[PDB]
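**Student:** Pasting an experimental structure, sequence included:
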Amino acid sequence: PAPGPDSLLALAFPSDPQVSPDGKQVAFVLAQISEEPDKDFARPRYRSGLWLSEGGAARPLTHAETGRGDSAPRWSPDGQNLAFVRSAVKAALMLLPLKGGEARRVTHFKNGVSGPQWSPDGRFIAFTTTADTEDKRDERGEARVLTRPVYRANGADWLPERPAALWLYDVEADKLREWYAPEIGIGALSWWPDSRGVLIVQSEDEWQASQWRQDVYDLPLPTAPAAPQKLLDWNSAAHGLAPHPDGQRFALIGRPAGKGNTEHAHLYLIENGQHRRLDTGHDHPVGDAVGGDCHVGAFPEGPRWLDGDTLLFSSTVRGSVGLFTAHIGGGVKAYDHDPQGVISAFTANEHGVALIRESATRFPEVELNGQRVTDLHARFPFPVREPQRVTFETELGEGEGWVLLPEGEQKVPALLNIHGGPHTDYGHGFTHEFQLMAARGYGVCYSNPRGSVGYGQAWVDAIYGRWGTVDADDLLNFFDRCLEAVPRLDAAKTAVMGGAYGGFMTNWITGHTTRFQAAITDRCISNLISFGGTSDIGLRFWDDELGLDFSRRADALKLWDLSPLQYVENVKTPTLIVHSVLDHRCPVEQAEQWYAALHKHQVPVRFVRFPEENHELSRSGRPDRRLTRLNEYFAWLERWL
Amino acid sequence: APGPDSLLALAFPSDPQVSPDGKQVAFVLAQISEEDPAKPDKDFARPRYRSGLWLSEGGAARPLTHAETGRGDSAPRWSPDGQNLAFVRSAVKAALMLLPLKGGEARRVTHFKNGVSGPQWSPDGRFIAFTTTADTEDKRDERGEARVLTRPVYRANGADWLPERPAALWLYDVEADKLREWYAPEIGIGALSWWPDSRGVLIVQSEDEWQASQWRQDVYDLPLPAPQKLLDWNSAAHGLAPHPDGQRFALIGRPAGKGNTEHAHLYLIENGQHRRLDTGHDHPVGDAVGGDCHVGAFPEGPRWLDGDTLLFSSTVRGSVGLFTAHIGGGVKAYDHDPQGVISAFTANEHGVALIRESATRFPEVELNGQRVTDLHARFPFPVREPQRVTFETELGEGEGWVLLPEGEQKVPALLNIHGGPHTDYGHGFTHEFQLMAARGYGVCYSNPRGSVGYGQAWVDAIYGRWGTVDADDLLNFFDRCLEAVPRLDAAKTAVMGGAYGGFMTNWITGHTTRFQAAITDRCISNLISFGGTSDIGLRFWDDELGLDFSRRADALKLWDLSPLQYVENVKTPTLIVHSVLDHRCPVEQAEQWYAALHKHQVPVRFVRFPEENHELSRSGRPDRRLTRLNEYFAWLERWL
Amino acid sequence: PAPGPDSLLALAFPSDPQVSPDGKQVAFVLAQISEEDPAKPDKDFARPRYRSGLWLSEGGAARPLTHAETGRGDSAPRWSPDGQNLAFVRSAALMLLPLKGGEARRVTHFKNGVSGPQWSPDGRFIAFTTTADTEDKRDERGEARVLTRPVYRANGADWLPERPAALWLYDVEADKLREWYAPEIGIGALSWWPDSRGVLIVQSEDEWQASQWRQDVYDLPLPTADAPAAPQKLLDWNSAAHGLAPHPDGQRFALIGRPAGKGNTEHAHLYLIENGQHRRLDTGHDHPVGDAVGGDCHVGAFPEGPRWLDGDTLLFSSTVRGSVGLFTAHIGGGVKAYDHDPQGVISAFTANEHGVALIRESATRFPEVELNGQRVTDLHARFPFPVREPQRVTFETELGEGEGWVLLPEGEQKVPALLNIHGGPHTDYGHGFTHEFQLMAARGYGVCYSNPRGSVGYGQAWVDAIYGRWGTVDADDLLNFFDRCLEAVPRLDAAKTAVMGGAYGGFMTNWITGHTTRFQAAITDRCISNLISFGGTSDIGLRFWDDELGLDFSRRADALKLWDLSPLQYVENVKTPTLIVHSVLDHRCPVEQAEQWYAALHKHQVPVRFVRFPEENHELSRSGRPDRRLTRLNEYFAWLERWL
């Protein structure tokens, strides 16, 4: 039978695959969908528990029936205990003995904790928390007085006055004490291998934080709390700190100063305040930047030293994500890279590796030392189909995309889907939305135009400062090639759709051609000037992507020329607008302007407005609103195609 | 000096369940904690029992669960293969849970609105039987509707009002992960035990509601999915122990014709016939020794150690020990310390687990002779050792004890009378007595004629004549205490007791003025009204006295045995302690004593507890246990 | 299709008829029956409730003043002396309503509410009692209650507070509240002096004397020192005093009660007080003050305070041979009738020198409010089925002739005969309106009800005839009367009889069924079965038997006599199927009385059924929550239908 959006409710979502210190076990998180019963309103919700495997079919460790559930499993160095975080009780640090018995609660903070990390010697558990700080401004209806340049963040909503402090659990003493209360905030954190302290990333002040300039600090264990020592004058973006086994050097993931957001994230070896590129000769970014919609929870990608010379890391290459090794004394060698697959998360040590793997046709699964330990693809409720590759030509070389077809041979509408970013990739991630589209009779066309991230730095740079030129050209070129190479696609029943940057591009295309019969613009951008003033990254995004400062009079003129709203008078395509109220990455005023403009021109238009959700709705929103979004997608395509 | 809140330092063990392999004990431990540890009322403390499961495999016991809200976890039951623990959680009204012992947390199996109770695995591991009222709603009280009563008994102490439909027996199908109703009785189910081949269960039931009120029950056979009658017992049956042959079984109780006063004994059933099994043993089955550190369930079910040997516990002269009865023979000691009390035990062919205590040692859990807990270490002040004091009767020598404070000064003498009356003082642990001595009082407590541990004749001596030789023995003993213990101050004496001890405190103060103060607890004052109001009123006086309150001639004799008839003689300032939901001794008993003392202008004080029942001093909510002890000492300080 | 108990839901119940100071208006209370929450009714459970409002008339059809839609409603209207304002109590806050236009204003905001508002004659003050903002979280927290006082519960009020309600003062001109007097025991009757200088109050010396029904009268001036001086004693009464009526001269006053030596069995009379000395005022009137006639259509307050019509004349009500009439007592003479119908009952009245307002009823006519002889309500028109007229039947006694009545259904067929026994025992059946009796006849039963020796309306000797020997001549009169009913009324079926009664009527139903098996069914209501335990549990147990029987349950010799007078001693003789009706919060006859009877009948395997009402008290049949009044009547008829 034909599937619908609620096929999602059959799925269980894996995350956070943590290999044991001896390399022979994996503990991971599994989110299943269960009731929050209200007789008048169904309430399907994510509920997570911990699972364990030593090579065979994984078994459950916890059984949450209320709340969000359990997450962030962390092995004690001796391999006998699992720390984790429970919300059933707001996010408390818990301690589970693996040889029998239930967990013990360790923290009772009003605001909960996050990001637990054992020290390598097993004597401490580090975590961050706002402890019992009270803020009844919203509860009382008081005003919020804002003086900092950034005050909201997507997913976190309003940033607190005092940032979360780093805390310490003394395992032997069974005692908690505050370690370091920063004034700005803590980014990446990693223990030194000798457990003497941690390395942390933080910014000098609130302005420098808004400009994506951070430094690395050394924080020894407290005696009074500890004072961070400056360790590297980086003045740029840094995360995923990876201390070397020698206890003195460390690797950094990021980009050096002067290079904006558009440069590939790379690996850098730090020695006495000096930095050198570590993944040299590898023209691809560190980490997973391939699209997919079956990722709920944390997906660790921190690089790990397999010995004194070898650093294991993941990298995005042409729509795929593989594991690679970087070497102090040499170049980059493949470790576990399938050009048709995506490794979305991994942990490792000198004894073993655990990861999550997926493809365009295979639902995410957990692996332990090459052995699959889950059977989650078996729960996928309808048959998956294999995409077919379609290429196009550009002055920079051959680009590629794919078409996913339904069963049968009759004519089907062709849906041009545009991925966001713009510096991400379509390809070999698993996309429930795409498989659902094909199962309901649509041909899905999706590609990696110039500006995508997996085809070298030059492919990224091609769109710098001129969004809506060669990137829109590649997309319509690709789509023309799909109609030519796939005769069952119906060129008279076409639609264009995309999210975020894909929404910007959906708005741009419909304002420059009437060829499409329907359009769906999701968490879109329509006015680049207003975006600079309202978005949580507005103070720096256009500066790095376009070289434009919205508050500078000369630049604003070009920003308007790059704004889809300038050309809205040409739009004739019936458009569905999907947006969330708490999306601080692309604020909803972007969608409201497009909606009002189409109304002024009497263009058929429909606007579905989600409360409480943020930018991440389509990948990890509450189950019922993920269903509603897909329902609105298909209702619009059924009406116009 | 320490005070009543010393109770808050204690942790209370219960339900010692040995594993099928004989090498492990899982038990329940109640600790005292705030009702809501996160949001405490700054103006009102709310200490509460909160229980979790603990485990030991030979060494120091460790906790398996960590309840921080609700009443907690209880009723641990081992799966036959030893790999899982079933238990009941209130954190969620009493749900059946399933815990793997080799790693991982428990899973919830039942979701009934009214919760479950009494889980028992079948021997083959395929089923877990339990009772529940499932999702039955009774909104009469919530709506303020009337209750229409037609049955002879409608209240019970601890359970408050009995439901129209009794709890049904249910079945958890382990292999199928399915629940099914097994049998919905019309009257109610008493004791239950699986046949050793897991073909079904034996159950105790009464023919109708009237027979139940007269303590007459029968045994039925219930196959796995109508009960078939198996034994015409027509009497009290309290525990069932199926024989390993799968056909015979032993029961704890007494045969027809013998009233409540006869010792509970063991009887082997074969083809509707019964034969006495604990022959030559002039002592009752089970623990009947006083103590106040027992919170929770205390299993005492007899267990077959082989085809010829049945292990059981028994009360002997203030102690409780383990014994074996042997087919074709008599009774042998198995684990009997005449100065200690085994209050609970489980056993199989591989091991034994139990809880042990003495007059000087707080309850501890034991496994195969090894103590696995350290709970006496939590007792917050030094305990003291009592000295024995005897008295002479025409039936032989009686005994009692005196617990003295430290030092050499003179101290007031407190005569404490145990209830029942067919129980024993002696070698249980009594926090109240230790606290009394720690605050400067000499505690005198004895086992007069009518006590249960000194043979059937010692019990029968008071039949039909409460207030004769029992009152004589008590004052004889107290006189012997003042003579043998010179630090006791004969000018500063008090008398106190609960239930039957309250009856006797009311009786004694009405026949002598020798005491400076009196404290009467959950008392009896009017034997006629008791017959109509108590949850055992339809049978208690008939068995204990041979008198029927609804018969004119008998009622007169009941009035002559009523302390209220002699209240005109009471001159002793009296504190009255009683709980409103005590259905064993209804509060109308205390209200009559209070009004009569007021009429004679005798100094009197009446502390009236809500919500609590007859069991307050042994297991009430912590704050009301504190309040009761506070009132005891405030009254003694005022008059002594 | 015979009418049933829910016919009660059609009725509206009047109370508290307050005449205005100029005598030309009446404000009164009307309780109507409505859903607990008319906006959200439970589809599975009806919730009919009393809801009261104030009504006003100057001679014509009364008009509503308030419109309560939630809660119990508005009550206790009190006129300002200038006639322009109504004070009242809203649920319980003191409110002030201007009569010429506009809504009421709330004047008290105490957590615990108000009671007993009384204007001062000069209009400057409103006196009332309240526990103010005292908090008592024992029950809420589950704490113990420590009792040291001889009386700690009271029927209707449940548990008495540690600190008695204090008398408070609203300063009308200043819009200010101040505490007036915080008593150590409690305040009984209260009345203003005519010059508004203060109040007279009734209180006991200590808790023990209060338990023995011994009170005195005190003088309480308006408060000055912020710490009240001890009130000076005004009369050494040492006895019961119920209603104070200050004389217009501002120095003498009359009290309702009885002097020392005379126990509870003595008729309440009027006494004129002058400088600590007392003399009887209602001389030559061998009948008690106040309404003591049975009826079941009285919901709310029924004032009966005597009022001086001039310097010589004191108006009061009195019970005479099943009726209640108005009389005047005279300082210089004897007692004269004022408005006395020997076939009617005046249950409440107020008066001054210019007019009178009252509530009147009869055996066939539902209570109505009248003003200066003009009826202003039409409540009898709402009675949902035809009313019937009783027939009188007499019986012979050594003291003279007694009387009773029979109410027959329509038609000519034979009908069961129901012997109904009124409680007290010192009350009267007769000419009150009884919805229960009319419903019985409407469903085919003959109702027989009489005034045996011990009743209150036939002289003091008729009362004294039963002293110390309940169950002798009183039981004799009842069965004598019933035998004469069967002889004089041939439609009564002597083979289908039942006996029933409440309180003392329950004692007597238990007594009769234990001394004869002649009845086919019995219904015993809020009964007494054990006179010994009653002495220890009842809220009047410390004094009732002493006054009624001369017996002290806490004395060994007396207790034996009490047991011989206890119906439970003879329960082995009971064979009659018995329905037992009782409420849990009845502190007048505690439920342990019913539990003993129930258990005894079970022990003898006699058919028995026990209806146990929560929350209700002794007054269920007269003023309980509507749904439980229906349930009681339903159980009555279901039991009669099964056995008759």
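**Tutor:** Looks like it came in fine. Numbers count the residues shown, from 1 in each chain, chains lettered A, B, ... in the order given.
**Student:** List the buried residues in stretch A:558-571.
**Tutor:** With burial defined by 16 or more other C-beta atoms under 10 Å in any protein chain shown, the residues of stretch A:558-571 counted as buried are A:558, A:559, A:562, A:563, A:564, A:565, A:568, A:571. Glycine gets a C-beta too; all of them are placed from N, C-alpha and C.
**Student:** could you dump it to PDB, C-alpha only?
**Tutor:** Backbone C-alpha positions of stretch A:558-571 (Å, rounded to 0.1, in the frame of the first residue of the first chain) are rendered in PDB as follows:
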ATOM      1  CA  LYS A 558      23.900  45.100  -4.000                       C
ATOM      2  CA  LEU A 559      22.200  43.100  -1.200                       C
ATOM      3  CA  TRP A 560      18.800  44.300  -2.600                       C
ATOM      4  CA  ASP A 561      20.000  43.300  -6.100                       C
ATOM      5  CA  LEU A 562      20.600  39.800  -4.700                       C
ATOM      6  CA  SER A 563      17.200  39.700  -2.900                       C
ATOM      7  CA  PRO A 564      14.500  37.600  -4.500                       C
ATOM      8  CA  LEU A 565      11.900  40.100  -3.300                       C
ATOM      9  CA  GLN A 566      13.100  42.700  -5.800                       C
ATOM     10  CA  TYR A 567      11.900  40.500  -8.700                       C
ATOM     11  CA  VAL A 568       8.700  39.200  -7.000                       C
ATOM     12  CA  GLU A 569       6.600  41.100  -9.600                       C
ATOM     13  CA  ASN A 570       7.500  38.400 -12.100                       C
ATOM     14  CA  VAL A 571       6.300  35.500 -10.000                       C
END
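**Student:** Can you tell me what sits against it?
**Tutor:** For stretch A:558-571, contacts defined as C-beta atoms under 8 Å, 6 or more residues apart in numbering or on different chains pick out A:466-468, A:504, A:507-508, A:510-512, A:514, A:525-529, A:532, A:542, A:546, A:548, A:550, A:593-594, A:597-598, A:601, A:603.
**Student:** gap between it and the chain center?
**Tutor:** From the chain centre to the centre of stretch A:558-571 is a distance of 29 Å (C-alpha atoms, centre = their mean, to the nearest Å).
**Student:** Also stretch A:370-386?
**Tutor:** 22 Å.
**Student:** gap between the closest residue to chain B within the stretch 201-350 of chain A and residue B:214?
**Tutor:** Nearest residue of the stretch 201-350 of chain A to chain B, counting by C-beta to the nearest C-beta: residue A:297, 19.3 Å away. Relative to residue B:214, residue A:297 is positioned 64 Å away (criterion: C-beta to C-beta, to the nearest Å).
**Student:** Next: residue A:132.
**Tutor:** Distance check for residue A:132 against residue B:214: by C-beta to C-beta, it reads 61 Å.
**Student:** buried sites along the helix ranked longest in chain A?
**Tutor:** With DSSP state H applied, the helix covering the greatest number of residues in chain A is identified as helix A:623-640. Along helix A:623-640, these residues count as buried under the neighbour rule (16+ other C-beta under 10 Å): A:623-630, A:632-634, A:636-637, A:640.
**Student:** Can you give the distance of the helix or strand containing residue A:594 from its chain's centre?
**Tutor:** Residue A:594 belongs to helix A:589-600 when elements are defined using DSSP states H and E. When distances are taken as C-alpha atoms, centre = their mean, helix A:589-600 is centred 28 Å away from the chain's centroid.
**Student:** now what about the helix or strand that comes right after that helix, what contacts it?
**Tutor:** For helix A:589-600, the following helix or strand on the C-terminal side (DSSP H and E) is strand A:605-610. The set of residues that contact strand A:605-610 without belonging to it, under C-beta under 8 Å, 6+ apart, is A:574-581, A:588, A:591, A:595, A:598-599, A:617, A:621, A:625, A:628-629, A:632, A:636.
**Student:** Distance from strand A:605-610 to the middle of the chain?
**Tutor:** Going by C-alpha atoms, centre = their mean, where strand A:605-610 is centred and where its chain is centred differ by 24 Å.
**Student:** Buried residues in it, which are they?
**Tutor:** Buried residues in strand A:605-610, counting neighbours by 16+ other C-beta under 10 Å, are found at A:605, A:606, A:607, A:608, A:610.
**Student:** Which two among these are spaced furthest apart?
**Tutor:** Farthest pair in the buried residues of strand A:605-610 (C-beta to C-beta) is A:605 and A:610. Separation: 17.0 Å.
**Student:** Can I get the strand or helix carrying residue A:490 in CSV, CA atoms only?
**Tutor:** For residue A:490, the enclosing helix or strand under DSSP H and E is strand A:489-499. What follows is strand A:489-499 as a C-alpha-only set of coordinates in CSV (Å, rounded to 0.1, in the frame of the first residue of the first chain):
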residue,chain,number,x,y,z
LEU,A,489,9.4,12.6,-16.2
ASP,A,490,6.5,14.8,-17.3
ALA,A,491,7.9,18.2,-18.4
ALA,A,492,4.4,19.6,-18.2
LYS,A,493,4.0,18.8,-14.5
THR,A,494,7.1,20.3,-12.8
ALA,A,495,7.8,21.9,-9.5
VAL,A,496,10.7,23.6,-7.7
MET,A,497,11.3,23.4,-4.0
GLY,A,498,14.0,23.8,-1.4
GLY,A,499,14.8,24.8,2.2
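**Student:** Would you give the sheet partners of it, along with the direction of each?
**Tutor:** Strand A:489-499 has these partner strands in its sheet, going by DSSP bridges: strand A:412-418 (parallel), strand A:518-522 (parallel).
**Student:** distance between it and the chain's centre?
**Tutor:** Its chain's C-alpha centre lies 27 Å from the corresponding centre of strand A:489-499 when counted by C-alpha atoms, centre = their mean.
**Student:** and it, which residues are buried?
**Tutor:** A:489, A:490, A:493, A:494, A:495, A:496, A:497, A:498, A:499.
**Student:** quick one: that strand to helix A:623-640, angle?
**Tutor:** Orientation of strand A:489-499 against helix A:623-640 (axes from the mean of the first three to the mean of the last three C-alpha atoms, to 10 degrees) gives an angle of 140 degrees.
**Student:** which other residues reach strand A:489-499?
**Tutor:** Residues outside strand A:489-499 that contact it (C-beta under 8 Å, 6+ apart): A:403, A:411-420, A:443, A:445, A:479, A:482-483, A:504-506, A:509-510, A:515-524, A:573, A:618, A:633, A:637, A:640-641.
**Student:** at 7 Å instead, please
**Tutor:** Under the criterion C-beta atoms under 7 Å, 6 or more residues apart in numbering or on different chains, residues A:411-420, A:443, A:482-483, A:505-506, A:509-510, A:515-520, A:522-523, A:618, A:637, A:641 lie in contact with strand A:489-499.
**Student:** Mind telling me which residue of the stretch 151-300 of chain A is nearest chain B?
**Tutor:** The shortest separation between the stretch 151-300 of chain A and chain B is 13.8 Å, found at residue A:174 (distances taken as C-beta to the nearest C-beta).
**Student:** neighbours of that residue, just the number please.
**Tutor:** Per other C-beta atoms under 10 Å in any protein chain shown, the neighbour tally for residue A:174 reads 9.
**Student:** ok, back up a step: next, the angle from the helix holding residue A:594 to strand A:518-522.
**Tutor:** Our comparison of helix A:589-600 with strand A:518-522, counting by the same axes, to 10 degrees, yields an angle of 150 degrees.
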